[PDB]
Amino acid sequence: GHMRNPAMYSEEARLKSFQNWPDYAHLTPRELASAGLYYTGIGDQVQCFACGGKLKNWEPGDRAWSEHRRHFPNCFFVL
C-alpha cells in the first residue's frame, strides 16, 4: 500500500543489491531488476519492490517477467 519497498523503486538500487549473487542461479541481475526484483542477499531469493512477492529456486529457462506475473497476478508492476 501502494508500494511495499519504496527504497527499491529505483532500477539502479535494485541492480546495486545484486552483490554476491550466485553463479548457479542462471538468471542475471539485469533481467531480475528490470522485472522489479531486488536481491535479499540469500541464495537466489529475490523480492518485488511493488507487490512484496518473493521468488526463489530460479531454473534455467525461467524468464523473470513471466515468473513474477504468473505467481503474483495482482502485482501492478508486471500487470
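Just count from 1 along the sequence shown to find any residue number.
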query	finding
Other entries lacking residue 22, at least a third	yes
Mean Cα B-factor comparison, 27 to 35 or 47 to 55, giving the higher one as deposited	27 to 35
Between 18 to 26 and 65 to 73 (mean CA B-factor, as deposited), the higher	18 to 26
Ranked against its chain, the third holding the CA B-factor of residue 79	middle
